[PDB]
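Numbers restart at 1 for each chain; the letters A, B, ... are given by sequence-line order, proteins then strands. Excluded from the calculations below are hydrogen atoms, water molecules and symmetry mates; all remaining heavy atoms, backbone and side chain alike, are included.
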Amino acid sequence: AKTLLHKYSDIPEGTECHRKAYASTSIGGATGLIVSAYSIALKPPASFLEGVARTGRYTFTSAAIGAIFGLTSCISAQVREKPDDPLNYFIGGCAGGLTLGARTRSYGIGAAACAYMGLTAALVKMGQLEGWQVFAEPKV
Amino acid sequence: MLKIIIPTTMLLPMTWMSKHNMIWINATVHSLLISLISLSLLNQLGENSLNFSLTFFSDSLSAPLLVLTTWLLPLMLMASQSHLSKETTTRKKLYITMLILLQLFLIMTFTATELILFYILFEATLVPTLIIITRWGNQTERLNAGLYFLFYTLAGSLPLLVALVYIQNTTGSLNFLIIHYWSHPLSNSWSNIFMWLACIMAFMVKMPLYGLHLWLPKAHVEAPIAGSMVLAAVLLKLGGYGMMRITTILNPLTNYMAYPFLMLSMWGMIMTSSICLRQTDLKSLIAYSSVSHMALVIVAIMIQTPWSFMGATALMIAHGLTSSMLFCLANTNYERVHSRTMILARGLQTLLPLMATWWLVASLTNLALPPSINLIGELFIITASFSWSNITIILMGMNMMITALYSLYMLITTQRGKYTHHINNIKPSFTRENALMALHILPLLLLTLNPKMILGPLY
Amino acid sequence: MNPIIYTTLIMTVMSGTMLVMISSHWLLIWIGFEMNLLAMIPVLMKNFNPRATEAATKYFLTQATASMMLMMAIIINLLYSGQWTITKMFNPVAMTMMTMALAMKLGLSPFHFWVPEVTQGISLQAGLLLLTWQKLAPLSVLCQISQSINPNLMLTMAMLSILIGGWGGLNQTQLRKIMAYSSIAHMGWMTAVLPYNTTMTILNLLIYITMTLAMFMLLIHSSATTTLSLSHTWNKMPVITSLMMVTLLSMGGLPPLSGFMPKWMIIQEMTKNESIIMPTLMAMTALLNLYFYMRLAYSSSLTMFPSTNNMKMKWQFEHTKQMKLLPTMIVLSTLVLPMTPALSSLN
Amino acid sequence: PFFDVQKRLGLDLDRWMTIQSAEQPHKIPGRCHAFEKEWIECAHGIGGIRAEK
Amino acid sequence: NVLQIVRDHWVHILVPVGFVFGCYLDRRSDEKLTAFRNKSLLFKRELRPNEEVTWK
Amino acid sequence: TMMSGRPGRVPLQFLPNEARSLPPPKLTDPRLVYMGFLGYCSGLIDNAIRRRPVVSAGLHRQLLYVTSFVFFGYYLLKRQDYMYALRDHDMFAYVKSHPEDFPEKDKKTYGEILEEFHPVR
Amino acid sequence: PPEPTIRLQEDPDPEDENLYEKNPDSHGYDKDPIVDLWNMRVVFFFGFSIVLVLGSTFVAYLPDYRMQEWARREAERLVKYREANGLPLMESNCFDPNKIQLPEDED
Amino acid sequence: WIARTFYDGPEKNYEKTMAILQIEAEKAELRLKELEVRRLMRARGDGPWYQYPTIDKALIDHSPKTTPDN
Amino acid sequence: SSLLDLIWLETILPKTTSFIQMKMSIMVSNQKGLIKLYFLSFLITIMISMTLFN
Ligand SMILES: CCCCCCCCCCCCCCCCCC(=O)OC[C@H](COP(=O)([O-])OCC(O)COP(=O)([O-])OC[C@@H](COC(=O)CCCCCCCCCCCCCCCCC)OC(=O)CCCCCCCCCCCCCCCCC)OC(=O)CCCCCCCCCCCCCCCCC
Ligand SMILES: CCCCCCCCCCCCCCCCC[C@@H](O)O[C@H](CO[C@H](O)CCCCCCCCCCCCCCC)COP(=O)(O)OCC[N+](C)(C)C
Ligand SMILES: CCCCCCCCCCCCCCCCC[C@@H](O)O[C@H](CO[C@H](O)CCCCCCCCCCCCCCC)COP(=O)(O)OCC[N+](C)(C)C
Ligand SMILES: CCCCCCCCCCCCCCCCC[C@@H](O)O[C@H](CO[C@H](O)CCCCCCCCCCCCCCC)COP(=O)(O)OCC[N+](C)(C)C
Ligand SMILES: CCCCCCCCCCCCCCCCC[C@@H](O)O[C@H](CO[C@H](O)CCCCCCCCCCCCCCC)COP(=O)(O)OCC[N+](C)(C)C
Ligand SMILES: CCCCCCCC/C=C\CCCCCCCC(=O)O[C@H](COC(=O)CCCCCCC/C=C/CCCCCCCC)COP(=O)(O)OCCN
């Protein structure tokens, strides 16, 4: 729900890193839990224990991604003293991509993931700054 | 403008109601007459434009491209007459229909007072070219080539459409005259940066830009001769024409946003000219030479100075003619040797002296020998770049040197030396091929007498 | 079956759709849906085989679950306001129940799983009926209550449908599954403009129905249900393959073909509402549909595949039965772009 | 979509059953009939947006 | 021979006819853009005694 | 612009009475000519599918194709023109009835408007 | 392994046919000598004779719609006027400053 | 001779451009006004457009209802 | 000619797109045809939809 969205967004971007990391970790974990539920539904692998293991691995991976993104992005914003900069978000995305690569132990996916995640993060920051609407209300 | 559009449309029923052995003659004669009629668009004004109606308008940037488009069809028919001999009447009529439809779409694209109409026709040109490449190409790679030539284009062109409609939702119009008269500066914003990118990338991919040029060697190598001619001569210039039209709304953001594309073009011209030095295929070498010339045109358009625009127009026309001639020469060799490997058939001067003269003159125009219009455009762009920054001279001179090197390498490898002994099927050159070569080359040396016809609207 | 019984069942399906379209009472709309479902099953099981029975039972399970969800939405809406008229819902929960029921009836993602399997199981004429006529009633109901829908949910399902159709069509050799994934993508395109303009929804529906009718009638004429079977058609009916290639190009959204009209217009409409990112993603994803349409065109008409010796006998015979509206469908699906402003007719 | 055949023909196929205060048999009165009548008379012809606000 | 080569050369006449039709249509479209004829500040001209329109 | 609920709209009329106050399209309308061309194309494709001489197989059938397409196109053009006329009429009436939402801009000449100049160097 | 190694029934690849073989003076247009000769004649007449020569002469004698001599004469009389009156040739202002209203800063 | 037999004077193209520009500018301002009018009508609902149906009041029965209090 | 033009420029834009679309298509279209999994996903999506929006 939007409760986690508000919990993340309410914290100022350039301050108070640990709560930002906590919120991003929770959001990532919720996303991973939804992904695990869908994966269990569509592909029941063999049994209960392997299924709960797969849920654990997906949730921990997504939570680690969110934690690293939030921590790195907030630390970059704090040290650079320049809030409202998409570069900080891009760095966070790159950090998140690196963490994902480590989990999958692939140099290519880690590199590929880092570049793509960073770009996505930069775009989200630009949308926050400029007021871009993903889901626009009917205006006209 | 209908006095040119209607005859081009009438080319279709005339082609489909023709005798089985009169299609080439009738198509060639009436396409030549259409070219002659279109030649009267060259009487341009020093003032605004030739505004025929609400839908079509002519400009001294559009008129040379229109005349070259009309002139290219008879040459394409003459080049296609040979390798389509063993094919049924219905399929040859379909091939001529594809060529006529391509000409019609290009003609309507170059006038196209509306930006959405320009986009629609500029994307409608895609279908005939794809069918020609993937139907009448020889090798098995043609399908793959077609896919590239498709998706690259759309990958650039789909964002543009969005940008276009967005502009009309804010400005209220997409008419080029209203856009030019009511133009306003673009503020340095992320939204404006992405609008700039959406406006530019579609035309950048079809120049092509150096990083985005992968589709061109495949598409030009696997296409039949008419397809290669139309791809190199007219279809590459759509990006330049679109950029020249659309950069009027992108100021002053072009000053900052031009840097990555300027660096890409200035380094990629060197890269592609160097690639030409090590090439085992004639068509691939000619394609990479086209990439280098269009990189120079991209630099010219990005600098956006009067001399830049004049040089870019002149270079677009000259490159179209020269590349079409070079592809025709390569195809004349190929239809004899069936290999398309440059090192295989050697010493063709001793067996085909007049064709060797044609090769020499084509290499000379590709080499940008003065006072050809190739060098006129080259020098205007180079001077504009020098005014932009004095350090561009190193890259420009290096490109000139490498261009001369690979042009003369291509000439020496194929024409000089000793003939290959085991090749004994090199027949004397036909009157059709010599006529095709002359009809390519005389317009160039005759345009060098009246350069203002191809120097664009800023002359 | 008996032609009388077949005609009766077809008119009962059409009368159910009509009942849904002309009524103002929620009970009568539900009754029309029930009538349509009841008369649709034997049409899917007209030719008896285990696959058709499986397709019919899957279709029945899906549609009956959707009908029960729709009646639940109706009763909740009645509970929170004693109204039976189809208009704005007045209840947030009821609207969601209604939206999911109609998404399940239409086949929108994530309720898309039944469409490819049902289309593959049934014959080509049944598939034509299922993919053309069975979208009118749910879309009409959606248009009637478009002011109620949460844009977030509808747009999420639309984008999901476009993505799923594009990705799922890439992996198919069967023509019916390709048509099913194409229909899923086109439904995704249709439902993304409901929150903003129902006229664009209807225009997209009409264009899609025209193209789907042309493509199915071409597939029935050249009786092929696989890629390799269709690859033999050039050796008997090359003109059919040429028409099919042009229709496939139109279905991929290339200008100046008719298939470019909806997306363009839809994109244009979505730009008037300050929605930029979503149309961009929709077009980029439609490139996938274009890719597998182009692969089909490569395999069918742009290259000549090997044939067999028995094909010679087929050279001596001509079709006994013909579709009267096939040429009109082809022309309307390829060459109506110049007549775009006629969309003001509120089609 | 909605083809209002009843309004064009004056049929009244299902409008008798849509609201509480519409001519019940034996003049039986709905529990919320007074409230519904007032709401309907307030919102008649005004349009959905203005009726809601 | 007349009535014989016509059946073999009828197609040739079509392109020329199209050119004439396009010229006629261009003039007809010109006739719909006369809202400012002899009204521009640059070419406000007083009509000749035996003149109807400055340009056609 | 959703006009489904527009007041005084008879449900299933293709053309209302007030549409008769608009000029009917000319028979030489380019859109009508395109409709006839579409009918001719349909006739040719019908000939081709049936393996008949495409240009000269059925002249009665091709004539019927052209005529039906022209007929429907004429009525469709009438309805389209009527709907666009209604859109313009409603727009103008709304602007007239709400002057406070469309205030007049003060006409200002370029002589006293300061536009920032950006050199091209 | 009784397989034929013949993967399918295929026509052999035909050898290319020389137009000079059945017809010297072949012009490379068609294998029919009459159609070949007339194709050569129409290409040469409508390409070299009509378009290339007459079109080039037409372009050479195009009227001055660009107004090069007009601008030269205007500049000539304008320079004659300003030199006679001692005016400083070209002015640095493109528009008259009296008719421009600058915004007062009051900084 | 060429100018006399193939072309026209500058007045024709000049005034045609004037007319074309005038038409296109009117179309642009009409489009902008139309967008603003649509926004206002959809926001307030007091116009002819975006009129959503409400219950018809002719369906109400105004009669004694077996109970004085309705 | 080789490192950039034939390898890395191919690897970046076209080959990456082809690989990603290939993998996504494989993941999307690989369902065994068991309606148990389908309706389990239906319950999941329905449950998620009600909670997130309201
Ligand atoms: C921009 C707008 C302006 C231009 C409009 C463009 C469209 C206009 C026409 C639209 C459709 C109408 C015709 C379609 C029916 C098909 C007919 C046909 O098959 O051709 C055979 C037929 C001749 O053959 P036949 O001896 O009678 O019978 C043998 C079989 O029919 C055939 O023998 P077969 O079956 O044994 O041969 C097999 C062959 C046969 O298969 C085919 O050729 C089928 C034809 C393609 C289907 C077209 C789809 C629907 C049209 C949409 C076009 C989209 C355009 C948008 C741009 C994208 C381009 C794709 O199939 C193949 O070879 C397959 C491989 C081919 C490569 C891939 C196919 C590429 C398709 C793209 C074609 C697009 C242009 C087509 C032009 C018209 C073609 C006739 O052609 C014709 O004669 C009809 C041409 C039109 C007649 C014009 C009459 C007017 C002249 C006198 C009045 C003058 C008017 C001016 C008034 C003022 C005078 C004073
Ligand atoms: C074989 C050996 C040689 C034998 C032959 C010897 C004779 C050689 C002489 C010819 C070449 C020598 C050069 C001398 C040039 C003399 C003619 C020249 O001066 O006239 C030019 C005139 O020619 C034209 O300017 C150039 C021709 C235009 C070319 C159009 C191309 C034809 C259409 C083909 C299709 C288009 C394909 C390409 C698309 C872009 C320039 O004149 P200009 O001072 O300026 O004004 C003309 C006269 N005015 C003053 C009344 C106005
Ligand atoms: C591959 C073959 C060729 C394809 C085409 C290549 C051409 C595309 C290049 C795009 C042009 C430039 C894009 C952005 C230019 C903005 C200027 C920026 O570079 O400078 C700094 C921008 O700072 C940082 O760049 C912030 C963004 C950081 C995130 C970007 C990702 C970095 C690498 C991504 C490259 C990948 C390109 C391909 C994507 C698929 C200045 O910071 P600041 O003065 O404060 O803000 C200026 C912008 N304002 C004024 C609107 C606010
Ligand atoms: C791709 C081509 C599709 C063509 C469609 C099929 C053509 C054959 C149809 C045969 C004739 C149809 C006319 C029907 C007669 C009476 C019409 C009347 O009953 O309906 C009116 C309206 O009729 C239709 O709206 C007009 C249909 C015309 C469709 C053409 C527009 C398609 C877009 C342009 C593409 C080019 C097509 C032209 C070439 C043939 C009033 O409708 P209304 O009860 O008040 O509200 C319902 C609609 N709402 C809900 C959206 C408001
Ligand atoms: C030295 C003297 C000759 C100089 C060279 C002149 C040669 C000119 C050739 C090139 C012409 C270019 C195009 C000019 C025509 C443009 C189209 C149109 O505008 O022209 C129309 C006239 O065009 C002619 O009727 C047709 C010209 C066709 C030329 C064909 C030449 C080649 C034919 C070869 C046939 C050979 C016989 C067959 C052998 C097999 C009249 O225009 P119009 O709409 O009024 O203009 C409005 C303004 N007005 C009213 C003041 C005029
Ligand atoms: C050869 C393959 C190349 C593929 C395409 C490359 C071009 C990419 C350009 C961007 C694509 C979409 C841009 C949107 C089109 C213009 C519309 C516009 O300018 O509106 C902007 C909207 O701006 C955006 O929404 C941009 C979002 C972009 C999302 C998609 C990102 C695609 C990849 C991004 C990284 C790469 C960017 C450059 C790539 C160049 C090609 C290699 C502002 O409008 P509002 O938001 O309503 O007003 C501001 C107040 N609210």
- Query: How far apart are the C-alpha atoms of C/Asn273 and A/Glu137, what are their side-chain angles, what is the distance that settles it, and do they pass the side-chain contact (heavy atoms from CB on, under 4.5 Å) test?
  - Reply: CA-CA 7 Å; C/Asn273 285 304; A/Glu137 294 293 328; over 6 Å; no
Verify, without hydrogens or angle tests, whether [X] (side chain) and [Y] (backbone) share a donor-acceptor contact under 3.5 angstrom.
X	Y	value
A/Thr104	A/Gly101	no
C/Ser67	C/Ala64	yes
A/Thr31	A/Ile27	yes
C/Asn77	C/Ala94	no
C/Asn289	C/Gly252	no
C/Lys177	C/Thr119	no
C/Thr191	C/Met187	yes
I/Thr17	I/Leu13	yes
C/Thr57	C/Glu54	no
C/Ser146	C/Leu142	no

- Note on the structure: Contacts satisfying ring-ring contact (aromatic ring centres under 6.0 Å, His included) that involve residues 52-89 of chain A (not counting sequence neighbours) are A/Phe69-A/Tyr89
Between atom [atom1] of [X] and atom [atom2] of [Y], what is the distance when rounded to the nearest 0.5 Å?
X	Y	atom1	atom2	value
C/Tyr196	C/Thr201	OH	OG1	11.5 Å
I/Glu10	B/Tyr148	CD	OH	4.5 Å
I/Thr45	C/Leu160	OG1	CG	8.5 Å
A/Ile40	A/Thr55	CD1	OG1	5.5 Å

Looking at every non-hydrogen atom in both residues, tell me the closest pair between [X] and [Y] and how far apart they are.
X	Y	result
C/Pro279	C/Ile267	CB-CG1, 3.9 Å
B/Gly156	B/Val205	CA-CG1, 4.3 Å
C/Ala101	C/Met69	CB-CB, 4.0 Å
B/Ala163	B/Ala198	CB-CB, 3.8 Å
C/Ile162	C/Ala185	CG1-O, 3.7 Å
C/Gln172	I/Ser29	NE2-CB, 3.6 Å

Would you tell me whether [X] and [Y] have side-chain atoms, one donor and one acceptor, within less than 3.5 Å of each other?
X	Y	result
C/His186	C/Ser183	no
C/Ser182	C/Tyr293	yes
B/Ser189	A/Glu130	yes
C/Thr285	C/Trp167	no
A/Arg54	A/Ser39	yes

- Regarding A/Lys125 and the six-membered ring of A/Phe90, is the cationic atom NZ or CZ under 6.0 Å from the ring centre and inside 45° of its axis? no
- Is it the case that A/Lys20 places NZ or CZ above or below the six-membered ring of A/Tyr8, under 6.0 angstrom from the centre and within 45 degrees of the axis? yes
Would you indicate whether [X], at its atom [atom1], is surrounded by more than 12 heavy atoms from other residues, nucleotides or ligands within a distance under 6.0 Å?
X	atom1	value
B/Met201	CE	yes
C/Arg51	CZ	no
A/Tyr22	OH	no
C/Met68	CE	yes
I/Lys15	NZ	no

Evaluate the side-chain proximity of [Y] to [X]: yes if any heavy-atom separation is below 4.5 Å, no if none is.
X	Y	value
C/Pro116	C/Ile184	yes
C/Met200	C/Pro262	no
A/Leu42	I/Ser41	yes
B/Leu214	I/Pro14	yes
C/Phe292	C/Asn171	no
C/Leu175	C/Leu296	yes
A/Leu129	A/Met126	no
C/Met95	C/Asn91	no

- Message: Is it the case that the ring center of C/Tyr80 lies less than 6.0 angstrom away from the ring center of C/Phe90?
- Response: no
- Message: Using a strict threshold of under 4.0 Å (side-chain N to carboxylate O), is an ion pair present between A/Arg19 and A/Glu16?
- Response: yes
- Task: For ring pair (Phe, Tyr, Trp, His ring centres under 6.0 Å), just list the numbers for C/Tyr59 and C/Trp114, CA-CA rounded to whole Å, side-chain angles, deciding distance to a tenth of an Å, and then say yes or no.
- Result: CA-CA 7 Å; C/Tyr59 185 69; C/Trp114 64 266; 5.4 Å; yes
- Show the numbers, then the answer: is there a side-chain contact (heavy atoms from CB on, under 4.5 Å) between C/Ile164 and C/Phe113? CA-CA 10 Å; C/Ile164 287 308; C/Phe113 296 97; over 6 Å; no
- Message: Regarding A/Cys74 and A/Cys17, I want to know if their SG-SG distance comes in below 2.5 Å, which is how I'm defining a disulfide.
- Response: no
